[PDB]
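Engineer:
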Amino acid sequence: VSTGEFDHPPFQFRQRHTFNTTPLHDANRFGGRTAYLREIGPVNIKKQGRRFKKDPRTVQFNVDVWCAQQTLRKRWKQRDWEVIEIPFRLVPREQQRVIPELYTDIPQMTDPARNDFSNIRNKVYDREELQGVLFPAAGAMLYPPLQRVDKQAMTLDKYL
Amino acid sequence: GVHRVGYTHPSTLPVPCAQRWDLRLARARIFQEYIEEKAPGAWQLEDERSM
Amino acid sequence: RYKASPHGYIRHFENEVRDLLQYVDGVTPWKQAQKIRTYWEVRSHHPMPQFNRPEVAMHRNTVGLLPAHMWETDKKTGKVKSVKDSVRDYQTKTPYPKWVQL
Amino acid sequence: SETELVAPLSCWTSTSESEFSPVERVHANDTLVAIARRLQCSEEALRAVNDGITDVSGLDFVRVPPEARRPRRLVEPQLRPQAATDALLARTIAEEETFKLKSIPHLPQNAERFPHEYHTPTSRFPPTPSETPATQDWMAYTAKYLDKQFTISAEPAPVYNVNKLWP
Amino acid sequence: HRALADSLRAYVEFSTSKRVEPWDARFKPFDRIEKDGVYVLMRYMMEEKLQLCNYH
Amino acid sequence: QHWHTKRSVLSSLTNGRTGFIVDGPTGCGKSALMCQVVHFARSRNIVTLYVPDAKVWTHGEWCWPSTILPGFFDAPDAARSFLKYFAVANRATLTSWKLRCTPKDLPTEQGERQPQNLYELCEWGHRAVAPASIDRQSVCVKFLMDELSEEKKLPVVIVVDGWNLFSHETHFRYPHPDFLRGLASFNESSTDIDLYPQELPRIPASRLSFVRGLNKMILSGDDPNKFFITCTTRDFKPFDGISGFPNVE
Amino acid sequence: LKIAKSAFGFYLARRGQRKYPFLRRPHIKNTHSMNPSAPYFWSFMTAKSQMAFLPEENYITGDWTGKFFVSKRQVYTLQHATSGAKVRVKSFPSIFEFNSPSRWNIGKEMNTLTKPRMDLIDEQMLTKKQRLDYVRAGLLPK
Ligand SMILES: Nc1nc2c(ncn2[C@@H]2O[C@H](COP(=O)(O)OP(=O)(O)OP(=O)(O)O)[C@@H](O)[C@H]2O)c(=O)[nH]1
Ligand SMILES: [Mg+2]
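Chains as they are written, first to last, in the entry's author numbering: chain DV, 24 to 183; chain Ci, 11 to 61; chain DB, 1080 to 1181; chain CJ, 585, 594 to 759; chain DX, 58 to 113; chain Cg, 126 to 374; chain CS, 31 to 172.
#1: Say whether chain DX places a C-beta atom closer than 8 Å to the C-beta of DB:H1125.
#2: So Ci:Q29 contacts chain CJ; which residues on that side make the cut at Cβ distance below 8 Å?
#3: Which runs of the beta strand (DSSP E) fall wholly inside the region 53 to 132 of chain CS and span at least 3 residues, in chain order?
#4: Following the continuous beta strand (DSSP E) through DV:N142, name the residue where it begins and the one where it ends.
#5: Tell me, to the nearest whole angstrom, how far the beta carbon of Cg:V176 is from that of Cg:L158; I am working on the premise that it is less than 8 Å.
#6: Looking only at C-alpha atoms, which of Ci:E43, Ci:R34, Ci:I45, Ci:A28 sits nearest to Ci:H19?
#7: Check whether chain DV comes within 8 Å of Ci:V15, counting only Cβ atoms and requiring the distance to be less than that.
#8: Do Cg:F335 and Cg:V281 have their C-beta atoms closer together than 8 Å?
#9: Consider the Cβ of residue 4 of chain DV: report whether some Cβ of chain CS lies at a distance smaller than 8 Å.
#10: Should Cg:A157 be counted as a contact of ligand 1 given a C-beta to heavy atom distance under 7 Å?
#11: Nearest-angstrom Cα distance between DX:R59 and CS:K138?
#12: With a threshold of 7 Å, establish whether the CB of Cg:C153 neighbours any heavy atom of ligand 1.
#13: Would a C-beta distance cut-off of 8 Å place CS:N65 and CS:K102 closer than the cut-off?
#14: Give me the chain CS residues within the contact set of DB:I1115, using Cβ-Cβ distance strictly less than 9 Å, ordered along the chain.
#15: Give a yes or no on whether the minimum CB-CB distance between Cg:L243 and chain DV is below 8 Å.
#16: Could you tell me whether any Cβ in chain DB is nearer than 8 Å to the Cβ of DX:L107?
#17: Is DX:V95 close to chain DB? Criterion is C-beta to C-beta, closer than 8 Å.
#18: Would you verify that the beta carbon of Cg:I354 is, or is not, closer than 8 Å to some beta carbon of chain CJ?
#19: What would DSSP say about Cg:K223, mapped onto helix, strand or coil?
#20: In terms of alpha-carbon separation, which member of Cg:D347, Cg:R261, Cg:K341, Cg:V284 lies closest to Cg:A166?
#21: Just to confirm the assignment, what range does the alpha helix (DSSP H) spanning Cg:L344 have?
#22: Identify, in the order they occur along the chain, each residue of the same chain with its Cβ nearer than 6 Å to the Cβ of DB:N1131, setting aside the five sequence neighbours on each side.
#23: Using a threshold of 7 Å, is the CB atom of Cg:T358 nearer than that to any non-hydrogen atom of ligand 2?
#24: Mind listing which residues of the region 172 to 183 of chain Cg have their C-beta closer than 9 Å to chain CJ's C-betas, in chain order?
#25: What residues in its chain sit with their C-beta under 6 Å from that of DV:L183, if we drop five residues either side in the sequence?
#26: Does DSSP put DB:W1178 in a helix, a strand or coil?
#27: Would a check of beta-carbon distances place DB:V1166 closer than 8 Å to chain CS?
#28: Name the chain Cg residues that come within less than 7 Å of DX:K92, Cβ to Cβ?
#29: Going along the chain, which residues of the region 40 to 61 of chain Ci sit with their C-beta nearer than 8 Å to a C-beta in chain DV?
#30: Can you pull the chain Cg neighbours of DV:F53, defined as C-beta to C-beta under 7 Å?
#31: Who does Cg:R327 pair with in a DSSP beta bridge?
#32: Pair every Cβ in the region 178 to 196 of chain Cg with every Cβ in the region 327 to 334 of chain Cg, then say whether three or more of these pairs are closer than 8 Å.
#33: Return the bridge partner residues of Cg:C356 from the DSSP annotation.
#34: Counting only the same chain and skipping the five closest in sequence on each side, list residues whose C-beta sits under 8 Å from that of DV:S141.
#35: Which residue marks the beginning of the alpha helix (DSSP H) containing Ci:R39, and which one marks its end?
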């Protein structure tokens, strides 16, 4: 549901900088990438040009690679986590099952019987709850345990 | 980040377990699979348009 | 004559590949295959075989790359007027790469 | 004058001795009981070859009894023996000796100096930068470059494998 | 041949020689007075490198 | 306002934590609620830090290594503007404040005065010609926070809008180590800094000298003098699983 | 076609100035093949990798009587210069010879050493009308 532009504008009569119109390879499109596509100047057709830069299919392919990079980039900035490979024994009760690979079965609910329905795929675990498991060697806990909020405590929002 | 990919042999863990890369080599023997050594880790790009 | 024959993609042809290799190797004297050159071995005798294109390393070009002794310059402009002849005085211990004996 | 001959691959005979690994690796958690169960041995037989050892904690490798039911094979069986592939190449291997070919250089002498010039057609973008010693996390970096009396040399490293590119 | 020789000479002479500053000073963080901000960051940490690459 | 009397009441109202963090969706009352708290606090004449937008620190113009704290960092522009407005907002109370620990030797230009107040100190921080302002502000922020943590009787209200920016990494990354080692040619140093860009680990906000000061007050007990009424910001760009390029108009 | 410069003048239609899909024009006429670049010298209209072997056409493949011209994708090799043997290429009107050998040629394909469209024009291969049209464009003097 993005508002951004995913399509390169079609070649036509030369666009110029106007109210309501900008040049085709103007620096403001695709975050200035259009540099890669630009033949500057009053191009002399017969003698000069770089053919791929006016070609619709080629140009659009390039733009599509750039969009893909944008999405990839933002999906990785979106991660706060690493995948760690933990032996079956030591893992929390919810993962003790079989977990079909991606796009293999129906998107899968973590624990329907305990009232948790969410993708097991996207469930993220706290480095602090897995401490005993991930750093057994260390003796004394490296990360201090999470402090949690009493939801039965009388605090400012309960009006007391 | 620029890092060294790393592998922990199961004999060295404080519980033996089957490492995903090892499994990957199994899968490569079974369906004979070219493992591209120079495949850049940074270049995962799904094809947005069709996917 | 009645064989199971692989089809389509080249992977499926494992047997055939081995045979094609065996055959090729058997038929093809090293004496002859010596003589096939790679572009860089050939270009090694061009007077300026190595420099950086502008995309990545351009600023790493050195003035030491230029074969200035090969040409003739104008003092005022700083421009190349003529080029000396390359071939007559050209000495090399390596017309072919060092490992090629014909 | 030349000293020996090597038999063609079809003439080779395999022995249990050459085929199965004599020795076994020891896991961190290992007991003699565990190892024996893994190799199907009786525990006493495992002791016998290993000199009545009791605790295995100080050992990389334990010697395996011939009595063992499940051994490891020394090398993957479905692998092709090198004698076969070299039988494919026989003429070439004789020519290698005739012409006294030690090496055929793939790249020109100075090639690493020009990064964008020699791109083999197996090479892929984006290029990877050479590694750097302390870079993997802020604590390591800080310890090595910024503040050098910093006590924690790296941020706690989970003993299990962390897959940084994933999937 | 001489057109080529000469243009190689020119190309390398350009790669080797210095250039004008690449950044547009009309915007930020570059407009800032040369004694502060990015320019401080440049004078003390990046200067040597910026000169090695000749402001290409 | 008078906490020392009400200590039990207060501590039960936050349940032992040091103040609150207000959270919600984008665009509900959060930043506004913080404004109001600053109004209530300052009208009642309490000493108040107000960071109106946290992004001026963690996502900044630029980032200097701090001068006297090894291994930490500054946002020099954020810091300077802060030292300025903090001083002029609290000037009444801050002029009564005497310095329990700051060196009495501070470097000073001819015709200028050694600070005897917290106000005087903050003044000393931001009034200088650049570049001097830059190192002065580092020293000054370190000592300011060291002074704040040492005051146990005078209520102090710290309002930070967008705390959630202070609790993770800033958008600055540690300089590539080859900026630190000096160089002859790019030709062969075995260096890539000019060839390829690369990401180095982000600098965590907790390594900003300012945020260090605050965290020091939160985490150490034996500071029940201080109240953090703090806020969250969800102002982030939208991302739904594909992104095109934003139309700049 | 209007004028028949070859047999195909009879068989082919021009279809005005008609557009073909990208990089497929029926007839490969490489006007650009000699198009000077100092910085791109080794990447332009040459092999995409310097580890590629020279083409078929640098080698004598079979039992030959001899050839008239060598192909134009043949690459100029130090021996082309040194050996002092005939090196011909088929260009128009007839054939171009490399007579004056230089090392500056080495490592490029003869495509690149032979100017396809010469600044030189024969007035005798031109109709009086065509000569007029070449004077309009400011090529021929008159
Ligand atoms: N007068 C008044 N105006 C409010 C109040 N809450 C919201 N507004 C108005 O509505 C806007 C809501 O914007 P913010 O309060 O900045 O939204 P926010 O919760 O800080 O959301 P993010 O910063 O985007 O995480 C404000 O700019 C105010 O103009 C309120 O409690 N009193
Ligand atoms: Mg807000």
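Cβ coordinates follow ideal geometry from the N, Cα and C atoms, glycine included.
Structural biologist: Let me lay it out:
#1: No, DB:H1125 does not count as interfacial toward chain DX.
#2: Here the neighbours are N753.
#3: Taking only runs of at least 3 residues, the beta strand (DSSP E) segments lying wholly in the region 53 to 132 of chain CS are 117 to 119, 126 to 128.
#4: It spans 139 to 142 - the beta strand (DSSP E) in which DV:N142 sits, taken as one unbroken run.
#5: So it is not a contact: roughly 15 Å between Cβ atoms.
#6: Scanning Ci:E43, Ci:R34, Ci:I45, Ci:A28 for the CA closest to the CA of Ci:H19 turns up Ci:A28.
#7: Interface with chain DV (8 Å Cβ-Cβ cutoff): Ci:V15 is excluded.
#8: No. Outside cutoff.
#9: The structure shown does not extend to residue 4 of chain DV, since chain DV is modelled only from 24 through 183, so no value can be given for it.
#10: At least one heavy atom of ligand 1 is found less than 7 Å from the C-beta of Cg:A157.
#11: Spanning the alpha carbons of DX:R59 and CS:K138 requires a straight line of approximately 16 Å.
#12: Because some heavy atom of ligand 1 lies under 7 Å away, the Cβ of Cg:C153 counts as near it: yes.
#13: It is not a contact, given that the beta carbons lie outside the stated cut-off.
#14: Taking a Cβ-Cβ threshold of 9 Å, the residues of chain CS close to DB:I1115 are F83, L84, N88, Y89, in chain order.
#15: Not one chain DV Cβ lies under 8 Å of Cg:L243.
#16: For DX:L107, the answer is no, since every Cβ of chain DB falls outside 8 Å of its Cβ.
#17: No, no contact with chain DB.
#18: No, its Cβ sits nowhere closer than 8 Å to a Cβ of chain CJ.
#19: DSSP places Cg:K223 in the strand class (E or B) of the three-state scheme.
#20: Looking at the Cα atoms, Cg:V284 is the closest of the given residues.
#21: Run containing Cg:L344: 334 to 344, per the alpha helix (DSSP H) assignment.
#22: Result list for DB:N1131: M1137, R1139, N1140, in chain order.
#23: It does: the Cβ of Cg:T358 is within 7 Å (strictly closer) of some heavy atom of ligand 2.
#24: Cβ contacts with chain CJ come from no residue of the region 172 to 183 of chain Cg.
#25: Contacts found: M177.
#26: Note: DB:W1178 maps to coil in three-state DSSP.
#27: By this cut-off, DB:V1166 is an interface position.
#28: Ordered by position in chain Cg, the residues that pass the 7 Å Cβ test against DX:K92 are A255, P256.
#29: Those would be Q54, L55, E56, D57, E58, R59, in chain order.
#30: Going along chain Cg in sequence order, the residues near DV:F53 (Cβ under 7 Å) are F370.
#31: According to DSSP, Cg:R327 shares a beta bridge with Cg:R298.
#32: Segment contact: the region 178 to 196 of chain Cg against the region 327 to 334 of chain Cg, three or more CB-CB distances shorter than 8 Å; contact assigned.
#33: Paired residue(s): Cg:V147.
#34: So the qualifying residues of the chain are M132, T133.
#35: Looking at the DSSP string, the run of the alpha helix (DSSP H) that includes Ci:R39 is 30 to 40.
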